[PDB]
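Quick setup: one chain, the form deposited in one PDB entry, written in structure tokens, and binding and motion questions come after.
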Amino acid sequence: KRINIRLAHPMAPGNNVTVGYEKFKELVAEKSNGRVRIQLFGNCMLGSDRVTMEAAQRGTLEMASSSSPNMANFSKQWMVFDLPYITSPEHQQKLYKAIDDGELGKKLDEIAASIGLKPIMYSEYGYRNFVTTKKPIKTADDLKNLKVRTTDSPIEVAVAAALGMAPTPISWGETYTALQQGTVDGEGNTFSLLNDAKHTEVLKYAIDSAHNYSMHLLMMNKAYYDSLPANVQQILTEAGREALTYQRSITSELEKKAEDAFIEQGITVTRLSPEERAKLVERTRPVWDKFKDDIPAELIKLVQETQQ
């Protein structure tokens, strides 16, 4: 009568999200005295982010994790979290609280249910920063005319355009070559993903722009969740909440470690002045009006309430 629950996700061994799911597995095993077992299938072993979330939504997999921008393959409401400067690291504990215990978390539960899903962990996945191979970036104006790799996220593209940059959507697999060969001048990502992907080798400058925020959303198929005994639901819910407390902290530690690696490898990491941050915020705010008709005002308001 052991319950085997399969959990797929895209992330590499030792990544902050992976470690969170290892913690989740451990806690589910402890709380259930081994009666419930999470079977981990990381590093895209069951497919890409979209493939495994499709499977979780349809019920051929019990659980999957998708980045918040990729949750756009499934619903549009999640776009709220991609808006430039809707959140900043200073207010992160309040954001977490609101997701964990507040109206925001309840709304997100409702949205997930509408697409066949039950949230279990809102894994931290960090704030992206601009980096370059050769052109020094220390100011907002330094970003003008920079050729910058993007994902296929429309908000990412619009942000770059708003800052006067020249966005080029390139697949992840083509990105290192593009940086190395000079078909783009830079990119925007977390230091840990860049260091872990060894893009560090080809970079020379970084700014703490923090111009995008994202999470990695661990979801369970809702019909499957609703089929479980209450005690097993509770074990999963609690394991998720507890693992997330560790995962958010581990993320901070790994991001520090990645920034130190940048500095060790000779990358100049500029701490933006107040004046320059404010330019980034104001230049990117028109993006919110561009996408206004696609993101519910109520959701924007719940996220903004966490930042006051």
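What we label the rigid core is the largest C-alpha set whose atoms superpose within 1.5 Å from one form to the other. Residue positions are given as counts along the sequence shown, with the first one as 1.
Relative to one another, 71-79 and 131-139 have unequal mean CA B-factors, and 71-79 is the one with the higher figure. Mean C-alpha B-factor is higher over 161-169 than over the other stretch, the pair under comparison being 161-169 and 206-214.
The PDB entry gives the largest Cα B-factor of the residues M121, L117, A98, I86 to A98. Per the deposited record, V28 carries the highest C-alpha B-factor of all listed residues (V28, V281, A243, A55). In this PDB entry, the Cα temperature factor of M11 sits in the middle third of its chain's modelled residues. Ranked by Cα temperature factor within the chain, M45 sits in the highest third according to the deposited record.
The deposited CA B-factor of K257 belongs to the middle third of values across its chain. Looking at the C-alpha B-factors along this chain, the one for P154 belongs to the lowest third. When the modelled residues of the chain are ordered by C-alpha B-factor, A223 sits in the middle third.
Form deposited in another entry: not shown, discussed below.
For the residues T151, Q92, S214, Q77, superposed on the rigid core between this form and the one not shown, a C-alpha shift of 2 angstroms or more shows up only at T151. The two forms, fitted on the rigid core, differ between this form and the one not shown by 2 Å or more at the CA of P274. Relative to the superposed rigid core, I263 undergoes a CA displacement of at least 2 Å between this form and the one not shown.
Comparing the forms between this form and the one not shown, the C-alpha position of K107 differs by less than 2 angstroms, with the core used for superposition.
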